[PDB]
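# A look at the structure
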Amino acid sequence: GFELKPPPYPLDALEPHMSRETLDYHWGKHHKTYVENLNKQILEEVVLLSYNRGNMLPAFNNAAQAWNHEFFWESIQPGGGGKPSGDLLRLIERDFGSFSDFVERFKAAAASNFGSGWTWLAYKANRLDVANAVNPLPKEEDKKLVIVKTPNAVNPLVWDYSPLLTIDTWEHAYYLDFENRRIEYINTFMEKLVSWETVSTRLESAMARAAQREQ
Amino acid sequence: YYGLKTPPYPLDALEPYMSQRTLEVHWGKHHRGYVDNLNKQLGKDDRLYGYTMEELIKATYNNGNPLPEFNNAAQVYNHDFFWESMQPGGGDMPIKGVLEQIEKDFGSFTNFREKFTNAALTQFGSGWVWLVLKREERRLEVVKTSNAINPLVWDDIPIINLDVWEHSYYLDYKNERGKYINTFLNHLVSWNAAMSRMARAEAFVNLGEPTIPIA
Amino acid sequence: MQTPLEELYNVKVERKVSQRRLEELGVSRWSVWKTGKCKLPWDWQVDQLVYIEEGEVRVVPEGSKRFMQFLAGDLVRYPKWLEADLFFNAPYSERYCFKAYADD
Amino acid sequence: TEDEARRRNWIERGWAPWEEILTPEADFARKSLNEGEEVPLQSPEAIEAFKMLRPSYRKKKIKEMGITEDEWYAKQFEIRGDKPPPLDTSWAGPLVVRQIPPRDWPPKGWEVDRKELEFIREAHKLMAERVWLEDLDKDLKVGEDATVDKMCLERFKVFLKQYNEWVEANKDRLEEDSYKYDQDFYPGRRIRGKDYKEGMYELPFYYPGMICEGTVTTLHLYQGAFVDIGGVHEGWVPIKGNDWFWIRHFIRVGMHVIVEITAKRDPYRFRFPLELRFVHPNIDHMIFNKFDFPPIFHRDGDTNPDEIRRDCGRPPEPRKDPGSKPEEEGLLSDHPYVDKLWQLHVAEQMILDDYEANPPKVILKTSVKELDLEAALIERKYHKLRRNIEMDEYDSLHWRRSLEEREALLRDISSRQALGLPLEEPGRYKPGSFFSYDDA
Amino acid sequence: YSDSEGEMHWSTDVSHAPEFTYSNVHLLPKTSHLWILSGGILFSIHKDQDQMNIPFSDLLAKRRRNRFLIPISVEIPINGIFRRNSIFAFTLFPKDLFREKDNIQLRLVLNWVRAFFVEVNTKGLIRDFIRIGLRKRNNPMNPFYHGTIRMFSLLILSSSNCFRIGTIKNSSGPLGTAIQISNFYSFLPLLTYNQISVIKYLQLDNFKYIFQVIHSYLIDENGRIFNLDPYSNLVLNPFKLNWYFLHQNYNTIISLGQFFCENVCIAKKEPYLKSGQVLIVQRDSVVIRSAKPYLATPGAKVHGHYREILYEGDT
Ligand SMILES: [Fe+3]
Ligand SMILES: [Fe+3]
């Protein structure tokens with residue numbers, strides 16, 4: 001029986017990037033409804049089992065939405081924005097050339113997501129459920145950071161990916177504040193709410209997962 | 001090029017069932033944005049330009065592999081179909097031609113209302129809910145559809161349109177979509193429009209019975 | 001027939017693609033596939049753009065008696081579900097991008 | 001029972017009690033064999049049929065009725081049985097039309113002024129303007145205020161001048177193409193030869209949604225009614241089968257009708273480029289047999305069925321479902337170029353061996369100009385080899401080909417099952433009933 | 001027996017219900033004529049009314065998918081065919097970096113097959129190889145180097161079975177593009193009802209808007225509405241750009257589908273019409289699909305359903 005936890009930041013701390021009404025409604029009547037529905041039917045294991053390699057089980061929707069919502073809250077902090085540093089900076093430079101290139105690609109992907117869905121930045125540590133899916137000569141570049149857009153409750157982990165940062169392109173995430181002005185919401189999110197520290201920790205966790213799968 | 005067709009009523013005529021602010025955002029920029037994006041795409045290709053509106057939707061669908069122009073073309077068709085699907089002081093009980101057809105392919109209107117609501121209630125994410133006339137089967141059905149797709153790509157004639165995109169109802173009902181469906185079926189659904197749509201479909205479906213001689 | 005193969009089979013060709021679209025698409029960091037005189041029977045169950053820099057390829061769809069002629073410097077997006085058969089008569093090298101639904 | 005069997009025959013098998021116009025001999029055979037083999041005829045119909053066997057008696061009877069023989073012959077071809085109820089074609093409001101240029105203008109391969117075209121294309125946006133029936137009274141211009149000089153149709157005038165230029169430029173080539181491709185003339189083909197008259201509207205002059213005045217010229221039992229709407233191609237209203245049993249009472253040759261263009265198609269591929277429906281009279285309630293696809297031509301240049309089905313909107317040829325999902329299959333790493341690489345490798349090895357020595361069959365021809373003899377000779381002077389490394393790198397290319405295509409594929413499954421889009425191509429793979437060394 | 005290939009037709013005096021629930025045999029309550037309508041496969045491109053204008057040492061070896069090459073003694077059967085779990089030989093491959101799944105597998109027992117020589121020749125140097133091998137990818141040519149279809153079962157209609165026996169000036173043409181009337185809520189205007197649709201799809205507020213005659217307006221690019229007459233039938237010619245009148249205000253002998261006998265007369269100065277069904281009706285002629293009538297006394301049994309395809313010699 002899963003439980004819904006409140007965001008680790010005060011509901012009034014995200015102003016004006018995300019209004020208190022928007023925060024409370026989104027957290028306590030979207031995420032709460034998803035979590036309680038999933039509990040009624042019954043997190044990574046649950047999502048992977050409910051994906052069922054394409055023919056999603058009825059419980060896939062609620063569990064995946066709850067996992068994505070939990071991911072979204074952990075990626076935003078009031079003092080967010082700016083630029084990352086360190087191995088995350090070197091990886092973003094290798095995988096996008098420059099920080100501006102990455103930021104414009106991410107903004108374009110978030111704006112171009114038609115309908116309800118999410119935009120993800122993930123670490124490519126995937127393995128397929130087929131034989132002859134192993135590269136005997138890895139070049140250390142195949143495990144890179146990529147941008148993926150998914151509709152509804154789909155998350156990259158079903159492709160054995162490692163999510164690092166997400167932006168909720170669902171209209172319910174920003175219609176109360178930014179209405180249909182998705183460009184303004186994406187710009188505000190990128191420049192004020194992106195928690196580079198959490199992204200760095202998730203990148204290190206993906207590195208550790210890849211290392212533990214190496215041996 | 002397709003112009004932005006205004007709804008057949010003033011933007012405040014749906015109050016208090018649908019507030020004017022929703023009308024000014026669903027048609028001022030949402031429906032206008034789809035119209036303007038399509039015209040820019042149609043200004044570059046002289047082949048997609050020239051198709052009728054229903055031809056363009058089916059051609060750009062590309063048998064389940066939509067062209068980039070499909071999203072803009074299909075979305076403007078749905079919105080004008082949505083505006084005409086609602087009239088001021090709508091709802092109540094459909095009469096005459098829609099009436100026996102509803103109670104023929106569904107058993108009665110009571111079984112139709114529950115079937116229509118469940119289609120919208122179980123619609124995950126942004127999409128549409130349709131009451132369509134099957135061309136080959138010559139009967140009325142309720143179809144749920146996601147994103148910009150409409151039953152025109154199945155060669156089916158829509159009759160009644162409902163928008164379950166979040167941006168359509170996230171101001172007056174927000175995540176309480178269940179009561180939004182009920183209010184649409186009780187005060188906004190236009191069965192007068194269903195008269196001519198099923199009359200226009202009679203030029204292609206012929207829901208009647210043949211006169212067979214006794215010889 | 002009167003209709004060329006590209007229109008019938010929904011193949012977008014961007015011959016003499018400018019640098020602007022080229023680095024908009026991120027071509028410079030795609031992997032390179034090279035081949036000589038060979039013949040690859042393939043079915044495109046995923047979309048894929050292809051940039052040709054050196055070499056020539058003739059594409060013959062399954063059952064077709066005609067071919068689509070592609071020269072160097074062209075950008076070609078092979079559609080999903082295409083049942084074609086690539087032909088090469090010279091050394092060849094290309095840049096690609098397999099694309100899923102939506103994306104770009 | 002013999003009430004539902006007849007209805008089933010009509011609906012599913014196209015049965016209809018068409019009138020059989022019989023000779024006096026056949027009529028006598030039918031009326032007299034109903035009594036017996038060799039019996040004195042007693043039924044009055046049989047007696048009359050026996051009397052009518054002599055044309056002299058028929059002429060005497062015809063003179064007795066005081067009528068001429070010609071329409072008595074024409075009297076035989078009378079429709080028997082009950083008549084359908086008369087049509088009450090009621091207009092749904094007044095007819096409000098607007099001169100809108102066709103959207104497909106200009107024809108493919110024809111270059112025109114882009115500014116003039118964009119000026120024309122502004123008229124297409126007028127479809128969004130709303131017209132209310134309670135509005136057509138404030139500014140009704142009747143009489144000298146509605147004369148053509150007061151018309152504001154500048155975009156339509158530009159379209160007209162461009163259309164006239166195109167017609168004058170392309171008139172003869174279209175006739176030559178029609179003569180080359182269409183051996184014989186049929187309704188729906190281009191009216192050519194001595195039957196062609198100047199001023200006939202070409203196909204680009206038409207577009208779906210146009211309201212046309214025309215005359216019914218041809219009735220076909222399996223195709224429909226053909227209406228001349230002033231163009232070089234006749235219009236087509238699809239009616240076939242049982243529907244003609246009742247519709248023939250109302251749709252007849254020579255009558256004037258109002259028709260709406262439903263579709264315009266390419267005459268080379270489709271038999272009837274212009275497809276219409278009857279506005280007046282309304283026979284929508286009488287049409288039951290519908291065309292699944294518009295009929296097309298099968299030309300001599302059509303050698304690929306897939307190309308034919310793509311020229312029109314027809315589904316692909318189905319095949320048995322393999323039953324194996326595509327993303328569960330193993331990746332592919334066998335590069336097709338390796339076989340040529342293998343042939344080059346064996347050629348170089350045999351050349352080196354010969355040089356060292358002298359300082360169910362398929363023959364693989366190989367020249368020497370496409371081989372690197374110097375590198376192979378150096379490697380032999382040294383002693384897997386280079387060509388094996390090349391094979392390995394090409395196989396690595398094919399195998400990363402496989403991985404990236406597979407990852408894009410899995411993302412495609414995720415997106416499509418999230419959005420309900422089809423996985424495999426529709427119209428294909430119909431369901432059933434439709435038809436160790438490594439250790440060593 | 002059927003003298004020609006065709007489809008069956010009966011008008012009356014044949015029972016539509018088969019004599020047995022599983023059979024196709026029908027009875028004749030009375031005397032009647034049975035007709036056979038003469039007539040001459042992809043199911044995706046061939047459809048109804050289609051007009052068909054055309055007739056219907058290891059370093060020297062290599063291992064790959066389901067096949068491998070050999071320059072230990074190799075034993076091949078006389079026929080060159082390998083059976084499952086057979087012994088052909090008693091480090092053969094370069095041990096390639098990548099290897100796909102193969103239906104065949106080597107244990108040397110070959111279990112999962114033809115075998116032909118492969119010879120590479122260069123400037124007279126000859127060397128033979130042994131080849132043992134078994135969607136579009138699994139494929140193991142070089143561009144560089146009449147009649148009309150009748151479907152319902154296919155019949156071909158051609159000249160072998162169908163034959164021919166026999167204001168400004170008002171002109172037929174377009175009247176403009178009809179525009180949507182918002183009072184009827186239809187994207188494409190209806191413009192007309194019928195006795196079934198008018199009772200079925202007429203709203204109460206639209207009762208007064210039905211007209212028994214044609215009233216035509218015209219709207220130009222500026223939005224003005226023009227009629228030039230409120231009580232006549234006046235429309236504008238798009239080509240000549242001039243008003244003109246309509247034809248009616250919209251308030252022969254041989255019928256289509258009729259069957260003829262062989263010597264049916266239509267006029268004294270006309271040749272006799274022959275047996276068949278009226279297929280095409282035109283201004284001064286009709287096209288007949290030839291048919292052969294068969295007389296059947298009561299008690300006879302019809303062998304076949306309606307519209308059943310009968311070949312030559314069929315009962
Ligand atoms: Fe959300
Ligand atoms: Fe909407």
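Residues numbered from 1 in each chain as written, not as in the entry; some residues may be left out. Chains lettered and ligands numbered in written order. Part of a larger assembly, values for the part shown. Heavy atoms only, no water. Residues with missing side-chain atoms left out of burial classes, pairs and counts.

What the deposited record gives as its method is cryo-EM, and the resolution it gives is 2.62 Å.

## Side note on the coordination of the iron ion (ligand 2)
In a perfect tetrahedron of four donors around a metal, the angles come out at 109.5 degrees. In a perfect octahedron of six, they are 90 or 180 degrees. All names here are of chain B. In plain terms, the rule: With water excluded from the atoms, a metal site may look incomplete; its donors are any N, O or S atoms within 2.8 Å, or within 3.2 Å for Na, K and Ca. Numbering of helices and strands runs from the N terminus; a helix is a DSSP stretch of H or I covering at least four residues, while a strand is a stretch of E covering at least two.
Donor atoms from the polypeptide that coordinate the iron ion (ligand 2) comprise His 26 (NE2), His 79 (NE2) and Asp 163 (OD), at 2.1 to 2.5 Å from the metal. Read from N- to C-terminus, the donor residues coordinating the iron ion (ligand 2) fall into the pattern H-x52-H-x83-D. You can see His 26 sitting in helix α1 (residues 20-42) and its partner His 79 sitting in helix α3 (residues 70-85), a full 53 residues away along the chain.

## Quick notes on the interface of chain D and chain E
Basically, it comes down to this: Contacts are residue-level and defined by heavy atoms, with any inter-residue pair within 4.5 Å sufficient. Ten residue types, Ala, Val, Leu, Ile, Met, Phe, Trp, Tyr, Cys and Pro, are classed as nonpolar, four, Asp, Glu, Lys and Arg, as charged, and the remainder, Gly among them, as polar. Following DSSP output, two strands are said to pair if at least two bridges run between them.
Contacts between the two partners involve 167 residues from chain D and, on the opposite side, 149 residues from chain E. It is helix α10 (residues 338-357) of chain D that provides the largest number of residues to the side of chain D that touches chain E, a total of 12 residues. Its residues assigned to classes, the side of chain D that touches chain E shows 83 nonpolar, 38 polar and 46 charged. In terms of strand pairing, strand β3 (residues 95-98) of chain D meets strand β15 (residues 173-178) of chain E through two bridges, oriented antiparallel.

## Looking at the packing of aromatic side chains
Cut-off, in case you're wondering: Geometry of aromatic contacts follows a simple scheme: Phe, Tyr and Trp rings, the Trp one being its six-membered ring, pair when their centres are within 6.5 Å, and the pair is stacked under 30 degrees between planes, edge-to-face over 60, tilted otherwise. For a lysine, the NZ atom is tested; for an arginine, the CZ atom; a charge sits over a ring if that atom is within 6 Å of the ring centre and within 35 degrees of the ring normal.
Per the counting criterion, the structure on display carries 79 aromatic pairs over all chains. The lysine or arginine in question, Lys 240 of chain D, covers the ring of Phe 291 of chain D, its NZ or CZ lying 4.5 Å from the ring centre. One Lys or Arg, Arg 137 of chain E, reaches over the ring of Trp 42 of chain C and ends 4.1 Å from the middle of that ring.

## Concerning the pattern of salt bridges
Formally: Put simply, a salt bridge is a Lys or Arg side-chain nitrogen that is within 4 Å of an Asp or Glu carboxyl oxygen. When a residue's accessible area, from a 1.4 Å probe over protein chains only, is under 20% of the maximum for its type it is buried; when over 50% it is exposed; and in between it is partly exposed.
For the coordinates displayed, the defined rule picks out 86 salt bridges over all chains. Close ionic contact of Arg 105 of chain A with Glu 104 of chain A constitutes a salt bridge, the shortest N to O distance being 3.3 Å. By relative accessible area, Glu 104 of chain A is classed as partly exposed at 34%. Residues participating in the shared-partner salt-bridge network are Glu 83 of chain C together with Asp 306, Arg 309, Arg 310, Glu 425 and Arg 428 of chain D.

## Overview of the sheet that holds strand β1 (residues 127-134) of chain B
Residues and elements named next belong to chain B. Applicable threshold: Lines are fitted to the C-alpha atoms to define the axes, a helix being fitted only along its stretch in contact, and any angle between axes, read from their N-to-C directions, falls within 0 to 180 degrees.
Taken in spatial order, the three strands of this open sheet run β2-β1-β3, and their pairing is antiparallel. At either margin of the open sheet sits one strand with a lone partner, and together these are β2 (139-146) and β3 (157-163). Across the sheet, the axes of successive neighbouring strands diverge by a mean angle of 20 degrees, strand direction being ignored. Sheet analysis places β1 next to β3, joined by six bridges and oriented antiparallel. Following the sheet pairing, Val 132 is matched in β3 by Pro 158. Against the sheet, helix α8 (residues 191-201) engages β1, β2 and β3, with an angle of about 150 degrees to β3.

## Describing the pairing of strand β19 (residues 234-237) of chain E
Relative to strand β20 (residues 242-245) of chain E, β19 of chain E runs antiparallel, the two sharing four bridges. By the bridge assignment, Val 235 of chain E is partnered in β20 of chain E with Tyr 244 of chain E.

## Describing empty space enclosed by the protein
Here is the rule: Only protein atoms enter the 1 Å grid used here. Points where a 1.4 Å probe fits but cannot escape make up a cavity, open sets with protein on both sides within 12 Å along at least five of seven lines make up a pocket, and a residue lines them when an atom lies within 4 Å of a point. Grid points are joined across faces, edges and corners, and a volume is the space filled by probe spheres set on the points.
Quantified by volume, the largest cavity comes out at close to 190 Å³. Lining the largest cavity are 17 residues; nearest its centre among them are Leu 40, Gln 48, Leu 86 and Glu 94 of chain C together with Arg 401 of chain D. Residue assignment for the lining of the largest cavity shows that the elements contributing at least two residues are β3 (39-44), β4 (47-54), β8 (82-88) and β9 (92-99) of chain C together with α12 (386-419) of chain D. Broken down by element, the lining of the largest cavity gets its largest block of residues, four residues, from α12 of chain D. Among the residues forming the lining of the largest cavity, the class breakdown is 11 nonpolar, three polar and three charged. The computed volume of the second largest cavity comes to approximately 110 Å³.

## Observations concerning the interface of chain B and chain A
It is common to report an interface's size as the accessible area lost on association of the parts. Applied cut-off: Two parts lose some accessible area (1.4 Å probe) when they are put together, and adding that loss for both gives the buried area. Throughout this description, a polar contact denotes any pair of N or O atoms lying within 3.5 Å of each other; where both atoms belong to protein, one of them has to be capable of donating a hydrogen while the other can accept it, and for residues adjacent in sequence the pair is counted only when both atoms sit in side chains.
Counting residues at the interface gives 20 residues for chain B and 19 residues for chain A. Both sides of the chain B and chain A interface together cover about 2,000 Å² of buried area, and 55% of this is carbon and sulfur. The largest contributions to the chain B side of the interface with chain A come from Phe 124, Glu 166 and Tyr 170 of chain B, which together make up 35% of the buried area. If you look at where chain B meets chain A, you find two salt bridges. A salt bridge links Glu 21 of chain A to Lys 174 of chain B, with the shortest nitrogen-to-oxygen separation between them at 2.8 Å. In this structure, the connection of chain B to chain A is made through 11 residue pairs in polar contact. Of all the secondary structure elements, the ones that give two or more residues to the side of chain B that touches chain A are α1, α3 and α6 (166-169) of chain B. The greatest single-element share of the side of chain B that touches chain A, amounting to five residues, is contributed by α1 of chain B. Counted by class, the side of chain B that touches chain A contains seven nonpolar, eight polar and five charged residues.

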